[PDB]
């Protein structure tokens, strides 16, 4: 029974003039992690710690808004199925804050104009921004961070492509077409503290991510995140590690690679005595891209259709 998920330092791919043996070591480590656990800590990404802390501060700033203002940009009011804006708690009573055992989020993605023909299609459309927050304090750093997340997942994808079975003869750029005009939702999540009830409580229940790559920024604090490892049937805890992101593969990556890279069930247990924040970035990818199974098996899957199928099947 493994006690931890692996750590991968990708400095060799971020820094200049790294040896080919160092790069190959990165490739092998990431490939093994993603084909065994579907999860790993990533360090060496080069994103300044001040930028990461600024993102968590944006999460806290948004949550501090009163409920009526947040509800003003509720995801109910977004365009079509773009799913942008404020995702409210399941229960609420007051303008300020959250009831225990609840959560809220701000969700934003790639900015697509309202008059664009694709606007309102799945995960595609204009963002909703809270008008009371100054741009220098919210929208601007979030969009700059989104730029950095896009660069990071492109590097991750190149490492993943170099880690596929050699008999498949996959180029290092096999995944790159998913990163053009992609669905890239990011959430600023606020979890309330646990309640006093004497039953297990979760910030997120048992699930898989549906997309390609997920990039999670955690806040210093209690362990929430756990990863289901089937062979030993055990939940691996994923504590916060300074400087790292938690990376995991989603269902679309698992489909694309014919099961070689695993999309693992995970959950967040609520052991927080105070509000906790997190910021996951999700590469779903170009919703219209037709992905052929990389083992040459001739199977074809459209990213948007796959994710909508997963949403329709993930009901109860």
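Residue numbers count along the first chain shown, from 1.
For the pair 198 to 206 and 178 to 186, the record assigns the higher mean C-alpha temperature factor to 198 to 206. Higher mean CA temperature factor between 260 to 268 and 286 to 294: 286 to 294, per the PDB entry. The PDB entry assigns its highest CA temperature factor, among 146, 136, 76, 244, to 136. Highest C-alpha temperature factor among 141, 221, 237, 193 per the entry: 221. When the modelled residues of the chain are ordered by C-alpha B-factor, residue 119 sits in the highest third. Residue 25: CA B factor in the middle third of modelled residues in this chain (values from the PDB entry). Sort the modelled residues of the chain by CA B factor and residue 273 lands in the highest third.
The entry lists a Cα temperature factor for residue 212 that places it in the middle third of the chain's modelled residues. Sort the modelled residues of the chain by CA B factor and residue 82 lands in the middle third.
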